[PDB]
Amino acid sequence: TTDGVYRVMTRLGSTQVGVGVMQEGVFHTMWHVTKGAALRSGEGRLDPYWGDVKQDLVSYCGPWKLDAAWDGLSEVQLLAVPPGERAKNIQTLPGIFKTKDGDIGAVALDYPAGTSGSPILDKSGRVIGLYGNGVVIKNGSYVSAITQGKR
Amino acid sequence: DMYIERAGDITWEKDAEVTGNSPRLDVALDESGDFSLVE
């Protein structure tokens, strides 16, 4: 229940498949992390509530809550939670995915795949999007969209 | 078989590690949520 950033693990041996954000009692991650499976949280069960494969996003126990957006000018911080590593903030200035439907911030940071769903933050600490859906530009130079949903 | 574990607060960290380029790229997004470069 409590606000924060969370590892998404699967069970022999336990593996970290992703990361998500708990906020206002809703758990937010990317679709390709969970494929909409139910998540266990202590004794409780979080059930998928909204999902969209095209946005690659899913929310549990309620509608998507994160609504902040990149201002197009300022540095941001990826709150990376890599498997086996404590959460760490990586500051960067986003580049830009230019699409027919407008510009989307993008971060040229390459962390292990179990870090998908890690929140990207603005200077007030508001989650402006999730990390881990993107493109490669030339030889594994991965660039992640700052993927944000609609509240 | 999927479960979650708390990893931290959602906080900006003053004076964090700073890295990464800021490329500007033309991209298309298909129905499967796949980004691809366009020219």
Side-chain angles (χ1 to χ4, degrees), chain A residues 1-10 13-35 37 39-42 44 46 48 55-62 64-71 74-95 105-134 142-149, chain B residues 1-13 16-22:
Chain A
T1 38
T2 168
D3 284 2
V5 62
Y6 287 70
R7 302 166 195 278
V8 172
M9 331 272 299
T10 190
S14 266
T15 325
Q16 179 175 323
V17 303
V19 177
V21 171
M22 190 86 61
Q23 168 156 328
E24 296 155 65
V26 168
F27 192 66
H28 305 71
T29 185
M30 315 186 95
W31 179 247
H32 79 269
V33 169
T34 71
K35 286 64 153 63
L39 303 163
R40 166 168 55 80
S41 181
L46 317 186
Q55 300 171 33
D56 194 32
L57 291 176
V58 61
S59 72
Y60 291 72
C61 306
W64 189 266
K65 302 278 181 193
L66 321 177
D67 47 0
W70 182 44
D71 64 11
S74 321
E75 316 173 312
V76 306
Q77 279 185 0
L78 172 60
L79 177 47
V81 186
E85 307 214 7
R86 95 185 146 200
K88 54 159 163 212
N89 292 59
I90 313 306
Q91 193 154 328
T92 190
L93 186 274
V107 300
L109 299 168
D110 205 336
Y111 288 96
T115 87
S116 302
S118 293
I120 303 165
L121 321 184
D122 65 26
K123 305 192 165 179
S124 312
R126 285 200 153 309
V127 177
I128 59 170
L130 298 187
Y131 170 84
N133 192 18
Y142 183 79
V143 183
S144 174
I146 303 179
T147 298
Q148 178 66 288
Chain B
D1 323 292
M2 245 172 231
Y3 61 99
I4 67 175
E5 301 184 10
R6 193 167 193 279
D9 304 337
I10 278 143
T11 310
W12 187 275
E13 289 290 299
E17 168 196 353
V18 188
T19 204
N21 283 345
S22 58

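Hydrogens, waters and symmetry mates are skipped; everything else that's a heavy atom, side chains included, is used. Convention: sequence-line order gives letters A, B, ...; per-chain numbering from 1.
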Inset, instruction - Give a yes or no answer on whether the side chain of A/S118 reaches the backbone of A/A80 with a donor-acceptor pair at less than 3.5 Å. - result: no

Inset, instruction - Can you measure from CE (B/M2) to OG1 (A/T15) and round to the nearest 0.5 angstrom? - result: 9.5 Å

Inset, instruction - Check whether any side-chain heavy atom of A/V127 lies under 4.5 Å from a side-chain heavy atom of A/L121, and answer yes or no. - result: yes

Inset, instruction - State, with a plain yes or no, whether a side-chain heavy atom of A/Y142 is found less than 4.5 Å away from one of A/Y111. - result: no

Inset, instruction - Taking atom types as modelled, find out whether B/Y3 and A/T10 have a side-chain donor-acceptor pair closer than 3.5 angstrom. - result: no

Legend entry - A/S116 side chain to A/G18 backbone, donor-acceptor under 3.5 Å: no

Inset, instruction - Identify the heavy atoms of A/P83 and A/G114 that sit nearest to each other, and give their distance. - result: CG-CA, 4.0 Å

Legend entry - Side-chain heavy-atom pair A/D122, A/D71 within 4.5 angstrom cut-off: no

Inset, instruction - May I have the step-by-step check of side-chain contact (heavy atoms from CB on, under 4.5 Å) for A/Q91 and B/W12, ending in yes or no? - result: CA-CA 9 Å; A/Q91 193 154 328; B/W12 187 275; 3.5 Å; yes

Legend entry - Side chain proximity check, A/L46 to B/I4, heavy atoms < 4.5 angstrom: yes

Inset, instruction - Mind running side-chain hydrogen bond (donor to acceptor under 3.5 Å, both in side chains) on A/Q77 and A/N89 for me, showing each step along the way? - result: CA-CA 6 Å; A/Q77 279 185 0; A/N89 292 59; 2.8 Å; yes

Inset, instruction - Answer whether the closest heavy-atom distance between the side chains of A/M30 and A/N133 falls below 4.5 Å. - result: yes

Inset, instruction - Start with the C-alpha gap between A/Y6 and A/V19, add the side-chain angles, then the distance that decides, and say whether side-chain contact (heavy atoms from CB on, under 4.5 Å) holds. - result: CA-CA 6 Å; A/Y6 287 70; A/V19 177; over 6 Å; no

Legend entry - With A/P94, the side-chain contact (heavy atoms from CB on, under 4.5 Å) member among A/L78, A/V143, A/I128, A/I146: A/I146

Inset, instruction - Check whether any side-chain N or O of A/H28 sits under 3.5 Å from a backbone N or O of A/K65 as a donor-acceptor pair, and report yes or no. - result: yes

Inset, instruction - Could you check if a side-chain atom of A/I120 sits within less than 4.5 angstrom of a side-chain atom of A/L130, using non-hydrogen atoms only? - result: no

Inset, instruction - Give a yes or no on whether the backbone of B/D9 and the side-chain of A/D3 come within a donor-acceptor separation of less than 3.5 Å. - result: no

Inset, instruction - Taking all heavy atoms of A/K88 and all of A/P82, pick out the closest pair and write down the distance. - result: CE-CG, 3.8 Å

Legend entry - A/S59 side chain to A/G62 backbone, donor-acceptor under 3.5 Å: yes

Legend entry - Inter-residue atom distance A/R7.CZ - A/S14.OG, 0.5 Å rounding: 12.0 Å

Inset, instruction - Apply side-chain contact (heavy atoms from CB on, under 4.5 Å) to A/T2 and B/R6, showing your working. - result: CA-CA 9 Å; A/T2 168; B/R6 193 167 193 279; 4.0 Å; yes

Legend entry - For A/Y60, side chain to side chain donor-acceptor pair (under 3.5 Å) partners two or more places apart: A/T34

Inset, instruction - Compare every heavy atom of A/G149 with every heavy atom of A/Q55, then report the nearest pair and how far apart it is. - result: OE1-CA, 3.9 Å

Legend entry - 4.5 Å side-chain heavy-atom contact, A/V21 and A/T29: no

Legend entry - Donor-acceptor pair between A/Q148 and A/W64 side chains, under 3.5 angstrom: yes

Inset, instruction - Side-chain contact test, heavy atoms from C-beta onward, threshold under 4.5 Å: evaluate it for A/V81 versus A/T115 and give yes or no. - result: no

